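Topology and contacts: notes
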Amino acid sequence: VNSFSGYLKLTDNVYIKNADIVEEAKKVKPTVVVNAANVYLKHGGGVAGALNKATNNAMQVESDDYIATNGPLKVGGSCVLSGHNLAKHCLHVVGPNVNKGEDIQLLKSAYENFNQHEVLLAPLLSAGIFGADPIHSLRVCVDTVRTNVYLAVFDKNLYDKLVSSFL
Ligand SMILES: O=C(O)C[C@@H](NC(=O)c1ncnc2[nH]ccc12)c1ccccc1F
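This deposited entry lists X-ray crystallography as its structure determination method and 1.0200 Å as its resolution.

Right under this line is the structure:
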C-alpha cells in the first residue's frame, strides 16, 4: 500500500492521473520521481523545466556536475541523481525527441530503465514537446514496465484522450 491517490488503474502495475508531477511529488515524496531528461541534462521545459524550477535550480546545478564528470547520457539511457525536495531520488530518463529527429524506436529502451525501481512517479515519456504519439508511448509503457508506475499527465485534454483510447 502507498499514498498515491486518485489514480485510475490501467493494468496490474500501471496507474494514471491528470496531475502536475511536481505537486504529486511534493505530496507523496516518492522514492523515485522520473524526469523526462535530455542527454545533456539541460532542464529547460516540459517536465524537466518544471521539476528543476521546483528545486530552485538545485537539480540543474547537480546535473551540470554530473555531465562535467561523466559526459552526456545516451538516448534511451538514464542516471540516478538526487530528488532534492521532491523525492528521495530522481531517475533522469532520456526518451527520443521526435522534434530532434530521434528514433521513436528507442522509447522501449527508455522505459526499460523504470524496471530497476520497484515504484516510480513518472511522466509519459516522449509526449508533449518531445513530439511522439502519446497513445503509442502509453502502450509502450504498459508493455515494457513491470514495476509499479504512477503516471502523472499534465494536459487535461490529453489525459482524457489517453484514458478513452486505452486498450
Ligand atoms: O501533458 C503531458 O503530460 C505531457 C508532458 N508533460 C509535462 O510537461 C508534465 N507532466 C506532468 N507534470 C508536469 N508538471 C509540469 C509539466 C508537466 C511531457 C511529457 C514528457 C516530455 C515533455 C512533456 F512536455
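The next subject is the overall build of the protein chain. Within the protein chain one finds six helices and seven strands. Element order for the protein chain, N to C, with α for helix and β for strand: β-β-α-β-α-α-β-β-α-β-α-β-α. In terms of overall dimensions, the protein chain has C-alpha extents of about 45 × 35 × 25 Å along its principal axes. For the protein chain, the share of sequence-separated contacts (at least 6 apart) that also reach a separation of at least 24 residues comes to 66%. Total accessible area on the protein chain stands at roughly 8100 Å², and carbon and sulfur atoms take up 51% of it.

With that settled, consider the site of the ligand. As a structural note, the neighbourhood of the ligand is formed by 17 residues, with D20, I21, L124, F154 and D155 the closest of them. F154 places a main-chain nitrogen or oxygen 2.8 Å from an oxygen atom of the ligand. In isolation the ligand offers 500 Å² of accessible surface; the protein chains occlude 91% of this area. Taken together, the elements giving at least two residues each to the shell around the ligand come down to α2 (46-54) and β7 (148-153). Sorting elements by how many residues they give to the shell around the ligand places α2 first, with three residues. In terms of residue class, the shell around the ligand is made up of 13 nonpolar, two polar and two charged.

The next point concerns the pairing of strand β2 (residues 14-18). Of all five residues in β2, four are buried; the element is thus mostly enclosed. Two elements, strand β1 (residues 8-9) and β2, share two bridges in a ladder whose sense is antiparallel. Counterpart to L8 in the pairing with β2 is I16. A loop of four residues connects β1 with β2, the two strands running antiparallel in sequence. Bridge count between β2 and β7: five bridges; the pairing is parallel. The residue bridging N18 from the neighbouring strand is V153, located in β7.

Our next topic: the nonpolar core. In this structure, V34, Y111, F114, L125, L138, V149 and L151 are the most contacted members of the largest nonpolar core, which totals 27 residues. Elements with a contribution of two residues or more to this core: β2, β3 (32-36), β5 (89-93), α4 (107-112), β6 (119-122), α5 (134-144), β7 and α6 (156-165). Per-element accounting of this core gives the leading share, four residues, to α5. When sequence neighbours within four positions are dropped, the list of residues in contact with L125 reads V34, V93, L107, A110, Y111, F114 and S137.

About the thresholds
Residues numbered from 1 in each chain as written, not as in the entry; some residues may be left out. Heavy atoms only, no water. Helix = DSSP H or I, 4+ residues; strand = E, 2+ residues; numbered from the N terminus. Contact = heavy atoms within 4.5 Å. Areas by Shrake-Rupley, 256 points an atom, 1.4 Å probe, with all protein chains shown as cover. Near = heavy atom within 4 Å. Polar contact = N/O pair within 3.5 Å; in protein donor to acceptor, adjacent residues only side chain to side chain. Nonpolar A, V, L, I, M, F, W, Y, C, P; charged D, E, K, R; others polar. Buried < 20%, exposed > 50% of the residue type's maximum accessible area, 1.4 Å probe, protein only. Pairing = 2+ DSSP bridges. Core = buried A, V, L, I, M, F, W, Y, C linked by side-chain atoms within 4.5 Å.

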